[PDB]
Each structure stands twice: as structure tokens, then as C-alpha cells.
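Worksheet: one structure, shown below.
Lettering follows sequence order; numbering is per chain, from 1.
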Amino acid sequence: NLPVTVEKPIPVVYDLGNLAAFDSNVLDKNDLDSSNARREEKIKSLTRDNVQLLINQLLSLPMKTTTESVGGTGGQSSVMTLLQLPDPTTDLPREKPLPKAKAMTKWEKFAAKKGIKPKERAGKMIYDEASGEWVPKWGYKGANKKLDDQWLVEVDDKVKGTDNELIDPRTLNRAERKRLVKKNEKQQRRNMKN
Amino acid sequence: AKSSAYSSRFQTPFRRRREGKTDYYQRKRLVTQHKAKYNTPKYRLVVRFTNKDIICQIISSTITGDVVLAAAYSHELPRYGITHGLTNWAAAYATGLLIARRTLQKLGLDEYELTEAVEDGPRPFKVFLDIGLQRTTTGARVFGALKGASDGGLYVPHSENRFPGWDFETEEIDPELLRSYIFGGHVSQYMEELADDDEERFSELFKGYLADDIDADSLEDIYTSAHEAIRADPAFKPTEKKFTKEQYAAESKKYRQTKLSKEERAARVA
Amino acid sequence: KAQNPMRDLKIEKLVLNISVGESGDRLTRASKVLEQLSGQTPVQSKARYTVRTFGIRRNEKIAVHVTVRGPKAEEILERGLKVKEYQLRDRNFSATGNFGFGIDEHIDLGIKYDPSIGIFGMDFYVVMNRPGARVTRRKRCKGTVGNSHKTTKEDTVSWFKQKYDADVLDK
Amino acid sequence: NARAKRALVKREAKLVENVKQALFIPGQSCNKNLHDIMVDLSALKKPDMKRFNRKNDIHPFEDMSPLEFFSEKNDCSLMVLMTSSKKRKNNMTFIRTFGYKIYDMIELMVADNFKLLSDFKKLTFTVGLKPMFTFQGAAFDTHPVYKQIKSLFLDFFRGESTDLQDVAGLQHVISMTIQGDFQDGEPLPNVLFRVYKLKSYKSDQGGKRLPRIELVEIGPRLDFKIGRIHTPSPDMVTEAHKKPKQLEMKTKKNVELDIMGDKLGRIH
Amino acid sequence: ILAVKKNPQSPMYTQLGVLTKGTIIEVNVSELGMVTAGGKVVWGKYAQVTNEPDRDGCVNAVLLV
Amino acid sequence: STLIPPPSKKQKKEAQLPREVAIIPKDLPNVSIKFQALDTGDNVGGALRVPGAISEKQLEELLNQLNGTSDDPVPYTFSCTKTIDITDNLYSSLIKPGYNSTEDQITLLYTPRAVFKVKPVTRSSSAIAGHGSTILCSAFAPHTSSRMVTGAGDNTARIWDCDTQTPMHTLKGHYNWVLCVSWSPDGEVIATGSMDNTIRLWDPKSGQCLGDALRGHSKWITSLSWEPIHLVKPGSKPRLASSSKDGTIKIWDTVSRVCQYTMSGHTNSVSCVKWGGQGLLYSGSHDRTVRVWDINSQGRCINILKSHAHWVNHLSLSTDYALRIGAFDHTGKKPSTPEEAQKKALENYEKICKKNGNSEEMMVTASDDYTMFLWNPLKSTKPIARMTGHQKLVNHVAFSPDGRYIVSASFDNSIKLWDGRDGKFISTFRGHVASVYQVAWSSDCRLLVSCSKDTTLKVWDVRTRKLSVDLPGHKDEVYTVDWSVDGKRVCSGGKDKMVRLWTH
RNA sequence: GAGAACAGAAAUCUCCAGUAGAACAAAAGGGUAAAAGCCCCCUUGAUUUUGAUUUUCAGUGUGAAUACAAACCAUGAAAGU
RNA sequence: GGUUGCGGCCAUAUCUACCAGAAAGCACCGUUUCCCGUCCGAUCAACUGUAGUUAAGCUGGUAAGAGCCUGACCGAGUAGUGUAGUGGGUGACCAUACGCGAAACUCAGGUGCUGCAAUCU
């Protein structure tokens, strides 16, 4: 039955978030020199007292219990009791700077000026009228590429008198769609440059 | 025609990977990865199969090499009453039951830690199953040992789509076939089938059962008695050693080839 | 060493191969007759390269093969040797101890000809190794095979001479 | 491609940073003592450790660019360069980087009187759990060099930060003690680095809630002589110690959130 | 009622909270005693309005289970 | 998921502030205490001074020494009367809050406890299939925790080996739903009362039927009760009382397979029948009355108790656990001879029955008037107390194995804990979100398990009067829950056609 | 590198060696080999929905976007991802 | 001292070639009703340790073999590389004091250490 009440000249400060203790007491250089034979015992005893104080603080910390069982998310089950560590106090530098907020793009400035609120973006499904099905409006099997696979396309009158008369309207629409995609990519790279 | 450049630039794998018995990709996720950052120590129930023995070990990883907490082997099953088929599904179940009961007995869960200063009751013992380089198949003896340990009382997280009796068309198990595999109904069914079909193969296989006059209907009874005896007394008894450490060392060093000195080697050269 | 029963040379596997190049009805009939000859379903092989001269595109069907083991493989092998009239060259063998040979008309093997079947040639290839060949193939503790236990061309020639009493023709 | 994008996202900066990775680099001149000490410290650091196997011609106080290149390539913010020389025997240089640029460097020498992790042959703790810390000596609180040592070793061995801690994981403590106090105009005393495993026994005086603690040393015991220092600039210090503040709810005067979660306002 | 999730006529009517036939609403289901497979008590679910409240004076809805 | 409010900035600062450690002062003086038995109210040792550094274990040993029974000490738990229990030591339990000081005398009431400890169940051991319909009833073997009987709606019962969590036997004699099952207190026979107005007896080891069914009831069986072993003379097998919807209680002698007595006083369906430890039968029926019959007086209705305004749904006796368990204990040790079994069952009954002067067997009746009545039928015809507070009907009620607590499970999604002597209200277990169907104590009277309509089981700690653990896993309503005699396993069954076994 | 009808330098099969000398991305001065490569099985949900929390808009301020988190969801025997 | 299961350090441990291993272990090895997977029970899965074998696998010895590693008061505090007192010279450049500080070379040598558990004539 050894005592568990460590008595110290200067009170030890604690960083329970980092599980650390700091005592600023006096250490004898002759008792801690490498010539002595009791130096390791001295170091062990000092660490023993500091760890006793730290463990007393940790076991005096408030505890979190739960009634949930195993097999669910969370990790802590009913039998486990967890210490609630406070926020750490020691100031440590970060490895990387804070993420800078990206400057407003041309679209964002225009939308702010005209008061255009952002879209709700509920989903990608749209109802096709000619059928009785809901189809994606873009992407994998999207409804933006149905003209590519349409069985019959009427040639527009405006294409007459041009060298594009003999070209497939499906191929023309694919070219126009790809040009729009590349225009969007170029606008994004412009925003990144600016 | 390997060259000096090849031998210098060669980058050898780890030793356990060269003599492949450790899967490090699986082991790093077994040891170093945690679902939560609460610093709960992890334990592995390692199950291994030789050609004549089943090894089950409860192991805690340590920075200076992992430490076995408790172990059980299938050669201890003759002590509990199973002298034949020490590497079958029922033997795996018995080994799992034995290691589970032995661990519980050692830890005191059923018949001064720092958790005793915060909580009133002890946690159930959680171990994660370690299978090594073994195929996960529906009806494997490693999952038989898993079932045995789970019935013994260790908490091993598991799903039952690999136990025998699991239907593939529907996510449901057949506990009748599971109990048949637990008490060796498949081996007894093979015994009866061979005895009725071909006496020639039943002469070669299952010869010890004939020698001991053990019928093809008492397998369930002896497995039940073995389970009861394991639950009654799971404490590990070391085998009484006939010869001592120094005697074994001397007798083996007599057979091992002695070392020849550098001067003797130079004399042989010249 | 040679008297030890564990160094005996046996038939590991026998591969029946048909490389017909063009896929279609002829390839299907080749797969059918291989299934008839082996009792097991054959397996196709995908195209590895694309050549205009050979008229084969990428990821096309070129060949079928079957692997047979055991007494069934021995029966197929002795049928092949019976068709080959028991005369084998020394070049059919290789440095690793396995050997192959081609049969140009498969009707003599024991299959009655049918007008839909036609005429097919097939490659027999027999792989030779001693017991313990799974040391290089098992999942756990995969390891090499020593030179003394390894299979050599002279040893498999000696085994063939002992078994079938057939002269190893130099030319 | 998706894996590459996920790796880039893991590498990019964030409000709540991941655990700092430590890269152990052997230098031009290395020894078995350096290898053993590096292995012991890598065991103490892992699984947040990566080790290089070849030799590299690195001089931290002559050229920072190889260190910056290694830090940016391996995404490691902590670096330990192990080198040797007649002037500095068993020199370990601890580099800490900010944004793939050299934030600060300390340069310590391991004394010859070191006991390895293999010498004690004692039971140790489970792999990869955060330790307890004890710092002895007021210089850790006051003197700039020992301030840097305390912050650096806390950052090195801190591991994961969490608000909930299992009592079953309070296994071992790292102790850093200053070898005797000193005065102005004196050489810097060595720093003693020790690792102890805890054993809790029933106290019979503080009840069943407060046990008695004892320590068993595991090693490696180290005596660090504080050879060289390279300090960060004040602007880099401020940039590194800035806070994101996106996480915290803005504190408005006279507005509180009660136990039931209702927003309440106070009038005067 | 807890919220108006989707009025099928228009998102403008959704954000105005219009309650017409076919509108998806969120409802408090605490008294139904529903518990998840993970043990959590369900007290909010979705329902679809099946009547015209402007015609019959009340909102009738079918839970989406 | 709705979360608790996060701590504020000031709370985080206070959390970062250093904590205070609760340590016993070295200068703590002596305090005077008086030990008083809770059950008997007999003061021991007068008033005695003890140091403030006492522990609960040392106080227990000191009380044993004061009694003079130190060779075989019996554990106790101490409280001071608000009534606050002593957790670890007197200073931190009473002096630390400052309610009782060192100058004033402290009167500690001590209650005996169980030497064994039941760990709470925390996970499902297994989910076992095999029944073709919803499970209607379940029970454990009294001698072992490895055997469970379960009667379901597929006209069958099952005997499950709980060691391997696999089915062992199938009981397929009935033609309609198996409404009730019951293991004999000697562990030799399982009785199943079914919807087809029949009762069958089964040998469990062979999984066989003992001849033909017990016929004679005109409506379905509602409850089965066994004659106590401590009243059955050695060399004989206990008889089976059975109630039914037709308003009759039939007594069956199973050795001769005959029906001896047919009690008929009830005008409506009998909810439950119970065979007490003094040769009495207590019947609760939908005619709003409780009838007490004497088996020693040819089955005549000695008493009619009328205080409820609706159906009495259930009734429980103070000695119910002892009468169910017979001569067995938590250790599972079997007696050598039937005389030894009779004597051991007598001692087990007496430990609960005869205390504080005279033997008493209290009864509690839970009714559809949202209330319960606490009676002592031997002493008076009036109820001892009326327990009110439930908003809906009280479906189930149970005495603790030591008989000191009463637990009521109601349809208002609640459980109420009451004192077992005077019926005074203690606490309310809340947490179920649907009606609580039935409840079950553990052997050491420290833990309670309840199954609800909300597809969940819940384990509650009686000492702290709070939820211990919430167990989901059933896909539908749970109809029956039971706890093993040794306190190792809990079985649950309901509408999902699966048997769930739970263990620590 | 050895052999196997058409079938040769390039079609298909077998053995042995084979630190990657191939195929994925970057521009390593140490990326990945019981894989990050090839093939198979499952998932088609991935624009989920909750938030007293961060930022922005509104004459429709308990709405929507946005950041972060959580509950879920997928898969696996599991550790976990 | 051998051997096995789980490891740490990841060539002193790798590659090539001969020889040796009593016991135990490990392995090759026998069969395909069962659970399970392929063209093929070759791999994986299941069963008997029952018919045999140390032929391989495994470990150890051997080789002025290839390769690898370690101490040096060995190179060497050298090369190289930065400041300097008014040091010179209108000159292309150099010793000097203080800093930081290698490799090529030579010698002495070596070819696995170890943690936990269980077992062996």
C-alpha cells in the first residue's frame, strides 16, 4: 500500500489532450550526471511521480459511457468506458498551410451581379415523354446522346447550299457537343490562370 | 547467366516473404489499422493447419515481435477423448472450443488492470480471426475453428456465409448440416457409405476405428463427451519431459556437423 | 537414389491442342471432337497479336485445348502411340523432359468418321515430372526443385525406353 | 486514375490535418549503432514511419533542397537524418517541414552510453498507440532551444489526436529530462530520453479508483547532446500557428446554446 | 408535419410549402415505434399526400415504407 | 441523426483547466455507525465507532464478525437513509456530499446479496432458424443452460442445444399452435399446452412424447404450472396444473396420466395459474377476480379476491423463481437422491419464504385497469397495496428471485420497478418506444431483460435504475424472452421465426 | 532458351529462367509483384439526409447552394477500405 | 541443439554447385460420399496419418565462385569548400587563422542474429 499523493515543490502543469505533464522543478546535475550509479533510478523516480500525477488527472477526467452493443459503428460498446480528453493546449505548428478559398470565377461574379441563385440539383433523372421511362439526362446512357442513335433524322433546310449538306447530322451534333465541352474546359483553364 | 550487375541491383523481399508464410498486405491491415482512434489494443486468433495438427494461438502484436497470450493444439485432443481424425472439421471445432475456454479461464471472465479503476465489469474478449494464406471457402476448417471459439465464448466478429450448410441461392444457413459437421456426421456418413459399398477402401481408411471397435454411430457421443470435458477442464498441462534441455542439446549437437576453423580450411586449401 | 520409389517418372498431364486459326463452324467442330476424345469440355484461347497476313484480329478465337490426367490420359496417350506405330524421334523430347508430337488424321485414334466431322489434326503434348511437383505450385511455402530431383531429357528417354520398348530414332 | 486522385486529395492540405509522417534517411556515413537507434525510433513511431535503405549525401546546414525534395515526394513532414563524423559522432538531425519547405531543424548527437531496445529484454506495449509524455526541467518551458525540443518531440510522438481515449491503451510513457539545471553563459546540458512501461497496482489507500503506478524501462535510453539549431522565421511561425476557425461556431454576445439545444438570447 | 420535401408542381411551390396532392412531406413517426437495424429510433420519415386538402379540409398521406 | 449540442468555448476552456482528484484525506476522523438489517430491522452491536478509512469489503467482514458467523460470511450491500447506497467507502459515499458528517451517527441498512455475479448480455450468440411460424413461447432447462424449449405457431416445439446453438429435437404431436411450454422443476419432462385444447408431455433427452396427449379442455391452454418439488414427497413426480380459455383449472397426475381435480369457479377465461409453495393454487381470470384454491381441501376455492375493475392479465408470486428452479442452483449441481432433492428444494424455498420472523408468500396481480394489486392471501383478504401509475394496461409482472423487487411491463412503453414488501413505487425504466410484452430477471436479482414490440431487447441494471444495454437484431416483434438459471444466456423469439441466443 | 502437323521471323500449347527490363500515373535522387498490373464475383446507391455548425444569396429570413461532421450505404469471414 | 506456429531487423539472409540430417516436427505422399472450385481433385476444398518415403521441399557444412556486410588512431581532419586582420602585387593568383567537411585506397574480418509459445530420443 504505497501512497498515491505525490507532493511537489512547483505544481505540475498538464496537457491532457496530448497526455503530457510538465514539471519545472530543480534537477541536480550531480544527481543526474553520467558518472553516478543512481542516475537511472533518479530518472525513473521523477518519471514515476510525474506519471502518477498525470494518471490521477486522467482518471479524474469525466467519462463517457454508452448503451449500444457491438457490431455497430462507433467502436465503443456498453462494456467500454472512455475518458473524455480536453482540447490540447500545447501550440504545435501545422505541416501545411490552411486551404485558401478559391477566388470567384467569371460565372460566380456574373451570378452574384445578376442575383442568380444556385440550382437545387435534386438528381440527374428526367422523364422522357415519348416513352414511359425515367432516363439520365447526361453521362452513362444519358438522354443528351439519343440523337446519336436515332434511327431517322430530318436534314435541315438551312444546311443546303453549304459543304456540310452531305455530312451526317448525328456526326455534326457530336462535333458541336465536343466543341462545347472543349469551350467549357478552356473557360475553366482561363479561370485557373486568372 | 545472371550477372554481377543483376546480383548487385537485386532487391530481396522480406525473409517471411521469401519463405512465404506471412502475408504482409493482410497483416498490416490486421495490426496497424483501426476503425476508431480510441487506442484499443487488438488481438489475433491465428489458425493454422499442418498435415497432422491444428494450431490456434491468441497473439498480441508487440514492437519487439508479437507475443502469444494463449495457445491450443489438436494433439491435446486425445487427452479429452478424440484420438482419431485430429485434423478434421470436428477437431477444428474442438481446438477452437479449447482455446476459447482456456483463454476465458486464464483471464478470469468465467471461473491490477487500469480498466478496473474506471469500470465495474470486465469486457468480453475480442479477437480478430487470422487465417494466413488460406482460401476462404464455404465449409473450411478454419471457419470450423472460428465456430468452435465463438461457441466457447470469445467474441470473434464473423458472418456465417462460410459455415457448412449455408445456402447459396438464399442468404440462409442450415443448422442441421452445421451440427452434422460439428459432430462429424459427414465422416460417419462416409464410414457407413464405404462399409456398405466397398469393403476394400474401408479396410484402408478408418482402420483405427475398427481396431478400437468404435462404431460409426458413437462419433457424436465421443465428440459430446470431449466438449463437456473441455468445458470442465481447459487448463493447459505441459507434457512431462523425459529428457532435459542440456541432454537434448548434447544429443543433437552430436549429430549436427561441427564447425571447422579458418586455419583448418586454409590447411585444406594448401 | 534411383532405387528410391519417389524418383519415378510419370505422366503429369497430357494436352490435346487444335490451333485452327479461323473461328466459326470448324473451330466449333474441333472443340466438339476434342470433347468427344477427352470426355471433358475444352477451353478456347484468345488471340495474342494481330497480323494481316494471318487474318487474325485482336482478342479473337484461334485454338482450343484440353488437359487430361490419370488413366484416361494414359489411354489417350497409348491410342496416340498406337496411331504413331511406336516410333519416336529424339527431337520430340526437350531439355525439360516433356515431349510432343502431331497427328494429322484423328480418325485412326478410335473415332468413327462422319461427314460433318471432316479431317482434323491435333497436337499431343505430354508433361513429365516426378512426385513432389506441387512444391513449385502450392500456395504456401512455394519453393524450387533441386537438380537431382529435376527431370532431364536423358532420364525421360530412359523411362520411355523402359516402358514402351521403342527405339529413340536419332534422325 | 481514381487512385491517383485519391492520393492527391490525401496529400493536399485540410482544416483537420492527418498524422504527421516521419521519414528516416541514412546519410553518407552510417553505422550499426545508427541503424539500431533508427530501428528503435521507427518502432516507436510506426505505423506513421517510412524508412530509406540506401545512402544519401545530405548536409542539412549546407543544402536544404534534397530534404525539401524528399519531403515533397514522400509527403512526410518529419525527417530524421542519421549521419556520422569525427566532429559529430552518431549525429541525428531532426527536420520539421511546413508546406514542403524546411520549417526548423535540430541537430543532436547520441552519446556512446546507449542501451538498445534489445538489451532490456522486457515486455513492451502494443504497436501503434499514442504514448504519455513527461518533460522534466524548466528549460523546456523557458529556454528557446529546449522549447523547440519539447515541441518537436511532442509533434514527433503525438500520433493521432482524439477526444476519447481507452484506459486499456495507457501503456507507456516517454520521458525527456534535462541533465541538470544550468545558468547563463554555460554549455547546454544533454537531454535524456527514456521509455517506460506502466504497471498499475492496487493502492489500498486511494481506493479502487486510484491505483499505484510503477515503471519498467524498455529503452532505448538516449543522451542527446544539443549540437546545432536552425530556427524558423517569425512569419513562417505565425503562418504555421494560424488556426482554421471554420470548425467552431461563431460566439455571438448574449447568445447561448442550452442543454436542450435551443438558441437563447439575453436582454438587459 | 416536419417539412415539405417536394411539391411535384414546381420547386417554387416546394419552397412556399404548398400542400397539394402528390406532395412529398416529412412526418414525425415517433409514435409508430420504428427502430433501425442498428438500434436507432426513427422519428422522421417521408409520406405522400393523397388528397386535395383545399377540397376536403384535411391532409391525408401515405407513409413511404 | 440528431446529436447532443456540442460544448461551448467556455466549457472547452473549463475542460482544459486542471482537474481535482478525489482522494481520502489522511486526517479523516472516526464516525459512529449503527448496523440495521433491512429485512428484519434487528440492530446489531448497538452504535460502534469506525475509522473513516473503511472499505465496503472491510465493513462487510466487520459486520460478519459482529454477528459471529465469521466461518461462513454472507455478503451484504449497505445503504443510508434519501436512501443512498455505499459505493466504495463511507467518506466518498456520504461524507463527500456532506449530507452525513463525522459527528452525527450514521444508520446503515444492510441487505444480503448473491455470492455469484451475472455478467450482462451484450451481443447475440446466434440466430437459429428451423421454426415454420412465429415463436410463441420459450423456456430454459432448470438444471442446465444448454437446453431450451421453444413452442411456436407451426404446431411444433423445438429443443435447442444452447452449447452449439443448433436444433436438437423436434416435438410434433399437436395439431395447432403451441401456446405454452414448461420445463419440470426436476428437469425430467417438458409440458406443452397448445391451441388444439391439448397438453402433451415430452422426454427431453430422447425428444419423445410420453404416450398420448392430456385431453379434456374445451378451449385452448393459457398457462401451465408445476407442483413444487419441496412439497412433492420423495419418490414421486410433480403434478401439472393447467388453466385454459374455458375457465377451468385441471390438475393432472402424470405418472398415471389422469386428471384428478377440475376447478371451475371462474366465469371467464383464466389468464394464469400458479402453484404456490404452501399447497395453494392462485388463478387469475378475465372475470376480474383472483381465486385461491387449496389442494389439501380437495381443490375447493378458499378465497375470492375482488379489487380489480378489469381482466387480471397476470399474477406473480414472491417465491416464483424458487418454485421454478426446484432443487437446483446457479452452479447446476444435481442432487444425489430424490430425498436430497426434496430437502434441497425445501431449503431453497425457505431461504426466500421464511425471513423476518414468519414465512410469507406475497402475490402481485397485474390487470387491465392499468394497475396492480399486492396481496398476502394467507394473512388477509384485503390487498396489501395498490400500485398505480401506468398509463396503459399492465401486461406482465414479475417478482425478483429474492422477492424484494417487483417489475411491471406495460403497454405504455415502460417498465416500473416497485418495492417488493409494501409495493411503494421506486423507478421507471424508459427507453422502449413500443409496448413491452414481457420481462425476465437474472438469477442474482441485479439485472432485468425486457422484450418489446419495437423489435428490441433491453437489459437494465436494477441498482443504478438505468438502461444497461440495448440489443437489436430481431426483424419483427419479439414475443418471448427468458434468462438462464446460471445467468449465462438469454433466449428471445418472436414474429421473425428465428431464435436469438444472447450472451456476455 | 528448349520442344510441339499445317505454322517459316510474327497465329496456338508445354517446361525453365525471368526485380519487373512489361502496364498505370507522375517526371524520384527509392511509386506499385501473393499489386496500384490482368481476370472473375458483388454493388448501378453515389446528385442519400440530418445538422442550434462555416460561407453566399433572398421581400418566399426554419429555403437553397457551399464547407465540415454524423447517421447511413457498398464490400469482405474479418481486420478494415 | 533440432523442429514447428506467429514476428522484428529485411541479402551477414541473395544466386549457383556437391554432401549431411538419429529422434520429433514439417513436408512429399493415399481417396473423392460429404461442404467447395477448375478444361483437368494440377491449385483450391473435404477425409484417413491409414500404403510408403527423407528422393525433393526445409536446415546445416563445403567454394582463394558471383554478391552482400561491418570496424578502423587507413585515407583524413586531407581533398574540396566559405570569412579574415590593410597580407603582397596597377598584374592574371597564393601560404596563413577560424568554419563546414567526403569518396577512391589499404588492413583486420564475417556469411544470419534474435522475441513469444509449444514440442523432440
Does the side chain of [X] get closer than 4.0 angstrom to OP1 or OP2 of [N] through an N or O atom?
{"X": "C/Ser148", "N": "H/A55", "answer": "no"}
{"X": "B/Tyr181", "N": "H/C34", "answer": "no"}
{"X": "B/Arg17", "N": "G/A34", "answer": "yes"}
{"X": "B/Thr239", "N": "H/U119", "answer": "yes"}
{"X": "C/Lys1", "N": "H/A55", "answer": "no"}
{"X": "C/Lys139", "N": "H/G37", "answer": "no"}

Does the aromatic ring of [X] sit over the six-membered base ring of [N], closer than 5.5 Å centre to centre and tilted less than 30°?
{"X": "B/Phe206", "N": "H/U48", "answer": "no"}
{"X": "B/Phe128", "N": "G/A79", "answer": "no"}
{"X": "B/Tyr248", "N": "H/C120", "answer": "yes"}

Problem - Out of G/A78, G/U53, G/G18, whichever nucleotide has its closest atom nearest the side chain of D/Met249 - result: G/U53
Practice task
Measure from the side-chain heavy atoms of B/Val68 and tell me the nearest of G/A77, H/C18, H/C116.
Solution key: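 Looking only at heavy atoms from C-beta outward on B/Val68, the closest nucleotide is H/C116.
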Practice task
Would you jot down, in residue-number order, the residues of residues 121-130 of chain C having a non-hydrogen atom under 4.0 Å from RNA chain H?
Solution key: none
Exercise for the section: Scan residues 40-56 of chain C against RNA chain H and write down, sorted by residue number, each residue with any heavy atom closer than 4.0 Å; if none is found, say none. Expected result: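 Those residues whose heavy atoms fall under 4.0 Å from RNA chain H, taken from residues 40-56 of chain C in numerical order, are C/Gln40, C/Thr41, C/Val43.
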If I take atom [atom1] in residue [X] and atom [atom2] in nucleotide [N], what distance separates them, rounded to the nearest angstrom?
{"X": "D/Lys87", "N": "H/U78", "atom1": "NZ", "atom2": "P", "answer": "9 Å"}
{"X": "B/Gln134", "N": "H/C35", "atom1": "CD", "atom2": "P", "answer": "21 Å"}
{"X": "B/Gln11", "N": "H/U14", "atom1": "CD", "atom2": "P", "answer": "14 Å"}
{"X": "B/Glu160", "N": "G/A77", "atom1": "CD", "atom2": "P", "answer": "13 Å"}
{"X": "D/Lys86", "N": "H/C100", "atom1": "NZ", "atom2": "P", "answer": "14 Å"}

Exercise for the section: Using only heavy-atom distances, decide whether a donor-acceptor pair under 3.5 angstrom links the side-chain of B/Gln247 to the base of H/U121. Expected result: yes
Run the pair test on [N] and [M]: Watson-Crick or G-U wobble, both distances under 3.5 Å, answer yes or no.
{"N": "G/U12", "M": "G/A4", "answer": "yes"}
{"N": "H/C6", "M": "H/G89", "answer": "no"}
{"N": "H/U59", "M": "H/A20", "answer": "yes"}

Problem - Residue pair D/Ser42 / D/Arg51, side-chain donor-acceptor N/O under 3.5 Å - result: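 Their side chains do contain a donor-acceptor pair, which is all the 3.5 Å distance test asks for.
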Practice task
Using only heavy-atom distances, determine whether the side chains of B/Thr62 and D/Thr124 contain a donor-acceptor pair under 3.5 Å.
Solution key: no
Practice task
Quick one: sort the B/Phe202 and B/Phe206 rings into parallel, tilted or perpendicular, breaks at 30° and 60°.
Solution key: tilted
Handout entry: Considering all heavy atoms, the nearest B/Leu194-B/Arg201 contact
Key =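 B/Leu194 and B/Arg201 have their closest heavy atoms at CD2-CB, 3.9 Å.
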Practice task
Quick one: look up who G/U47 pairs with, Watson-Crick or G-U, both distances under 3.5 Å, and put none if it's unpaired.
Solution key: none
